[PDB]
Every structure is written in structure tokens, then in C-alpha cells.
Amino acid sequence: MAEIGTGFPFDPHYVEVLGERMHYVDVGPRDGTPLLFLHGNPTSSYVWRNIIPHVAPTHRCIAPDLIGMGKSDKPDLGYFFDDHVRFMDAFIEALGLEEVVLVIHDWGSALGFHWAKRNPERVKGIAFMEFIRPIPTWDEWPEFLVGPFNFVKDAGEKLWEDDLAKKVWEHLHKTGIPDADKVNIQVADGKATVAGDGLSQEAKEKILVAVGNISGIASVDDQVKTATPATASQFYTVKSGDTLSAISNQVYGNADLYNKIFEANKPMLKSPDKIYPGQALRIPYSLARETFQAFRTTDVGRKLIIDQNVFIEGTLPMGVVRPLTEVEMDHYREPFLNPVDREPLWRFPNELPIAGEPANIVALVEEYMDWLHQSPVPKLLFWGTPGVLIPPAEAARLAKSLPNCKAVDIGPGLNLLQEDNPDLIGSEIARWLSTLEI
């Protein structure tokens, strides 16, 4: 219940690493065991801005921008994980760090765990969140369920007591359902067919739900040919007594993602109070199978992430429960204003260890998971609900599996837990350091 700062009031520091300049934050005292904060994709040290001030009064905090990100230089690299390994190894040695406490997130966690496995004597504790683990099968993530889609026939807008299809299309047009101009409608015995192509997955889902939410429409036959889908939702039927908060609790496991559901159902839904029993709503998956399937290709994936900047304009806001402000979005946008600079954002999801590929990353991540499961190193695991990379059920398993591990529930959270509860994360790190022997 407190304001979250947007500013980045850290003096810039730069250091030569393998002939390139890396930017880093360096605050706090000069001489103790330092904390090394490692960010992931598509962030920078900016993601740590509201955590570090909880620790900097008593401990040195070092937060680098990965090569090719933040304010670091942008060499002509493929930006494979191994590139990041080489630069981060050289960064640590260029600063003369000996012993460290790691605080790591997302791809920063693969860097930190891989460095800790190789240098276990130099790691005094690891705080981590929304981290990389091997995913054995694609069915770890949900997929868009294929139609036909069934609706509560009598529920929705009454358009009446060839004619039916026209009233449906004009209703989509008048209510401003995006890309209604691209679809045509057929209605027969309460069954609607929606046909078209060139629609995004989001636009198609909004059209499908809007057609189903007409009084007298019992089912919608889905003939809408999309681009390659890069997100997906489930369809939820509103019950009597429902609120968006109750629906969020049921589907996401936490009530505080209510505004995500509201936003996902505009323009057809005008305010949260206006849901009605029998209404269908789209509820975006926290992480759809479609997303990394689309990203992990050299045609669709590069068009989305390089040409359209989807990791910054779409995926990043979907990784935060609260709405990011324009000031915050601009800080995240700044290193990637040129598309030619977006290579790391595409290579990173293509390095994720999913279903055996890429083999080198799968092996390396299994290796540091094996190390972590037998290591007595102090561990602090932050998790949120519903999560993205680490859902609550996985967090619970790891809290019991990992030795010497304290787990902290931060409340609602997706991928950037630092953007949803920085005060809890910073103050829990600060209290945990006193148990480390540093």
C-alpha cells in the first residue's frame, strides 16, 4: 500500500570488459561482502532500483547491465547465453570481487546459478525469484482450447426477437470490437460462424467472446484464421454473485489481478460492475504455450520481438500485475529504441531449456539445479501468484526440496516481482543477510 518509485538515482559506473564497456550500479560501503544483483530479459539494473535502497545503507550493492542491455555497450554478438556467461565472468573479475551474495532474477538467475555452481566457495547466499529451470515438455503451459465454443444461450445483448448475421456484425461494428471489419458472420439455429483472416489472436478472442455474448447465440464456430498466435486466453463464464476479484481469485489464485481481466475484455466490457451472469470473458493465461512457441522461430519470432518490439511492449507489461507508468515504460524502452539492438531479446527466449532444446543449455541448467539441490548455501526464494516462470506449486516444491531455503510469498506477482512488491523483497533481503556469516 505504498508508492513505488519510478526514478533511477544511481550514479553511472562503467568498466572495460573484454574490450566492451559495461554499465553498473555501485552503492553502499566499499569493503564488506557485496551483493551482486543480476537482471534478466528484457530488463536492466532499473528493475532493482527500489530493492537496493533497503540494503545499501549496510552492504555494497553492485548491479550490472548485461552486455547488449541497459546502458552497457552493444557489440555485434549473437547474444547467446555463453556470450553473457563470458562477459559476466569477466565483469566479476574486473571488479575484483571475491566472495559475493547473489540476488538474481530470470536469465540473471541462470547466470548466477551457473557461476555459483562453478565457484561455490565464493557464494555466501543466493536470493532468487522467477528463475530458469529445465522444462521437460511443452504441455507445462496451457494452450488455446479449440472451438466450437459454447455460451449460455439466453445471456448477453438482445439484438432481435441472413438477417441474424447482419445484426451480429453491425453490433460488433457499433461496439467497436477491434478488427470487426475483417470478419464475416453466419448465424443458423443459435450457431454463429465467424470467418476471416489476418487477425491477431487477441482480436480473434475479443470477436469470439463478443459474438457469444449475444442473446440467442448458443455456440460460435471458429473459422478465424490468425497470424501465428503469440498469446492465448481461456474463456470463463460469469456466475451469479461473481465479481472480477472473485474471478481473479478462482482463475489466477489471487484476487488482485482483477484489472487484468477488465482490460482484457475492453471495449465490450465498460466497467467491472457491468459483468452479468452467463457472460463469457477472456482471461489471458499468465504464460501461454503459444508465446514461446512463436518466439522460438526465425520468422514469426523475429518479426514479433525485433520488428514489433513485443517483448518490451507486450510481454513486459504482462509480467507485472500493476500497470507500469509511461515513465517506467520509457526506462525499459530506452536501450531498445533501435530494432537492430533487439537481438538479445530474441535470443534469450530461444535459449530457454524447453523439451530438450537447446541441448547445451538444458545440460547446464540441469547441472546447476543438481548442484543447488545438494548445496547447503543459504537460499532465499521469492514467489508470487500466479507467477510466470515459477508458479506457486513449483515454488512450494522447491521450498521443501532445496536445503537451507527460506521462501517468501510476495502476494500477486507475474514475472517482475520487483515491480509488484519491492518493499517486501528489499526488506526481506535486508533481514536475511544477518543470517549469512559475511
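From 1 onward, residues are counted along the sequence shown.
**Q** Check the residues of the deposited sequence separating residue 161 from residue 162 and report how many of them have no coordinates, as none, 1 to 3, 4 to 9, or 10 or more.
**A** Some 4 to 9 residues are missing between them.
**Q** Quick check on the record: does 345 to 353 or 132 to 140 carry the larger mean Cα temperature factor?
**A** It is 132 to 140.
**Q** Which is higher on average in the deposited entry, the C-alpha temperature factors of 270 to 278 or of 239 to 247?
**A** Between 239 to 247 and 270 to 278, it is 270 to 278 that shows the higher mean C-alpha B-factor.
**Q** Please pick out which of 111, 210, 257, 340 has the largest Cα B-factor as recorded in the entry.
**A** Among 111, 210, 257, 340, the PDB entry lists the largest C-alpha B-factor for 340.
**Q** Among the candidates 155, 261, 104, 116, give the one with the maximum CA B-factor reported in the record.
**A** Of the options given, 155 has the highest CA B-factor in the PDB entry.
**Q** Lowest, middle or highest third of the chain for the C-alpha temperature factor of residue 148?
**A** Highest third of the chain for residue 148's C-alpha B-factor.
**Q** Please say which third, lowest, middle or highest, residue 28 falls into when its CA temperature factor is compared across its chain.
**A** Tercile = middle for this residue's CA B-factor.
**Q** Among all modelled residues of this chain, ranked by Cα B factor, put residue 176 in the bottom, middle or top third, i.e. lowest, middle or highest.
**A** Highest third, going by the recorded CA B-factors of the chain.
**Q** Sort the modelled residues of this chain by their C-alpha B factor and say whether residue 182 lands in the lowest, middle or highest third.
**A** According to the entry, residue 182 has a C-alpha B-factor in the chain's highest third.
**Q** Would you please rank residue 369 by its C-alpha temperature factor against the other modelled residues of its chain and give the third it falls in: lowest, middle or highest?
**A** Middle third - that is where residue 369 ends up once the chain's C-alpha B-factors are sorted.
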